[PDB]
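Scroll down for the structure; my scribbles are underneath it.
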Amino acid sequence: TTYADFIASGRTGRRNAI
Amino acid sequence: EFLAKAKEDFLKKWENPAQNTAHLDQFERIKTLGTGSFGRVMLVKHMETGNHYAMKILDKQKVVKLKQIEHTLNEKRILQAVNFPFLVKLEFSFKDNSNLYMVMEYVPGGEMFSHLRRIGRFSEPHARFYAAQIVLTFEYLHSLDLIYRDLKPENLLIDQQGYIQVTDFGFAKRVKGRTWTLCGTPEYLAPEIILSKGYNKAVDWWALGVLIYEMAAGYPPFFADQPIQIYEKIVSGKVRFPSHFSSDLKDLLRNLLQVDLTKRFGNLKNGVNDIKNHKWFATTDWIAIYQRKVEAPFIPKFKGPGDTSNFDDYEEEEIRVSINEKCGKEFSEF
Ligand SMILES: O=C(NCc1cccc2c1OCCO2)c1ccc(-c2ccncc2)cc1
């Protein structure tokens, strides 16, 4: 699922600005 | 409107900013609530009042090295001038040889981020409750010719009355026309920001679309392990929605996340009304939400004045103030 794919990504934490 | 009386007030303070409203020696340093490229945020206790505050410490050199001199001046200028229920309250501001300081009333509830991740996703009534707060805040900010450009769960704090308090005005700016800065968080960047075009407040309305999706879905509408891949999806004009998302939600979001910013909600002839008068916002009492009279779906667990349980732990480092002034000319107005 997309929820599973999100949770396994390195983009689950606090995202900083560019 | 009440909005006209609000601009009258903002303009008074914007044209004559408050400076040097305190000193570090007046604050008792307790704990680090957060970190960042050019400083940290600390839980401080103001000894004269016994009040608890969040103190944003900015290293002047680290701000200069990162081409952030103007952005910082915009941040303080706007924060000392604004007054809205869903904004962070900046009580004091000051600078010393080494840093810049912004002291704001402590929101012990923490970031919406923490709760959204732990809970997983909010029910559309719960999501709609917060969206309405942002919809009103943007209406307020935008009316004052201010572009926030930093919307994400990490910047929305939950008070004990269970309401939003928007932080990080580091990208906030007073623009009457077009702006071109390449700034924001990858997942929340509007297609005009990625495609290096001159943009307006339509970027704030797109950001909201992303927030509403992430709040309701539990994940953003565009994510990938690498930003280049995230951008490719945003500029593609394709969105997929979960099976539980309502028809009114899906339509709002498809209008909000409109790559054609000349057909995007909040950026049309009726502006903010196309949002406030949407089918998803039919159960929203825009006046009751502003007055905080609406029952908050979730109130954070309060362990006392000075509790930091909703904030993560960071190595409690040294606040060093050099015997020599650094970057004086650059931070003159602060
Ligand atoms: O502006 C903030 N943080 C951003 C930030 C701070 C320092 C350096 C940074 C940075 O961003 C990227 C550049 O490096 C901020 C966040 C939270 C609170 C707060 C308010 C009330 N209660 C608890 C906490 C106050 C300020």
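Each position is counted from 1, following the chain as shown.
Structure determined by X-ray crystallography, 2.8 Å.
Placed from the backbone N, Cα and C atoms, the Cβ positions cover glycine too.
Residues annotated as domain 'Protein kinase' in Swiss-Prot: B:27-281.
Within 10 Å of the C-beta of B:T32 (phosphothreonine) there are 19 other C-beta atoms, taking all protein chains into account. Taken from Swiss-Prot, the feature phosphothreonine applies to B:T32 (among others).
According to DSSP, B:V107 (ATP binding site) sits in a coil region rather than a helix or strand. Around B:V107 (ATP binding site), the C-beta neighbours below 8 angstroms that are at least 6 residues distant in the chain are B:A54, B:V88, B:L157, B:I158, B:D159, B:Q165. The ATP binding site annotation in Swiss-Prot covers B:33-41, B:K56, B:105-111, B:152-155.
Positions annotated as phosphoserine by Swiss-Prot, on the basis of similarity to another entry: B:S123 (among others). In sequence order, B:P297 constitute the residues six or more apart from B:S123 (phosphoserine) in its chain with CB-CB distances below 8 Å.
Close to B:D150 (active site, proton acceptor) in the fold, though at least 6 residues off in sequence, lie B:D168, B:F169, B:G170, B:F171, B:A172, B:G184, B:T185, each with a CB less than 8 Å from its CB. Annotation comment: Swiss-Prot describes B:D150 as active site, proton acceptor, evidence class experimental evidence.
Annotation note: B:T179 (phosphothreonine) sits in a strand segment as assigned by DSSP. Annotation source Swiss-Prot lists phosphothreonine at B:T179 (among others), citing similarity to another entry.
Sequence-distant neighbours of B:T181 (phosphothreonine) (same chain, 6+ apart, CB under 8 A from its CB) are B:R149, B:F171, B:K173. Here Swiss-Prot flags B:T181 (among others) as phosphothreonine.
The domain 'AGC-kinase C-terminal' annotation in Swiss-Prot covers B:282-334. Counting residues of the domain 'AGC-kinase C-terminal' (B:282-334) by DSSP class, helix then strand then coil, yields 8 helix, 0 strand, 45 coil.
Positions annotated as phosphotyrosine by Swiss-Prot: B:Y314.
Counting only same-chain residues at least 6 apart in sequence, those with a Cβ under 8 Å from the Cβ of B:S322 (phosphoserine) are B:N97, B:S98. For B:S322 (among others), the entry in Swiss-Prot reads phosphoserine.
Candidate recorded positions: B:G36, B:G39, B:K56, B:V107, B:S123, B:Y314. Those with a Cβ under 6 Å from ligand 1, in sequence order, are B:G36, B:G39, B:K56, B:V107. B:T32 (phosphothreonine) and B:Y314 (phosphotyrosine) are 6 Å apart (CA-CA, integer value). Sequence-distant neighbours of B:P153 (ATP binding site) (same chain, 6+ residues apart, CB-CB distance under 8 A): B:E111, B:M112, B:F113, B:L116, B:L211, B:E214, B:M215. If you take the Cα of B:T179 (phosphothreonine) and the Cα of B:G36 (ATP binding site), they are about 25 angstrom apart, rounded to a whole number. By a Cβ separation below 8 angstroms, chain A lies close to these of the recorded positions B:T32, B:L33, B:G39, B:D150, B:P153: B:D150. Taken residue by residue with DSSP, B:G39 (ATP binding site) is part of a strand. With the fewest other C-beta atoms within 10 Å around its C-beta, B:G36 stands out among the binding-site residues B:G36, B:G39.
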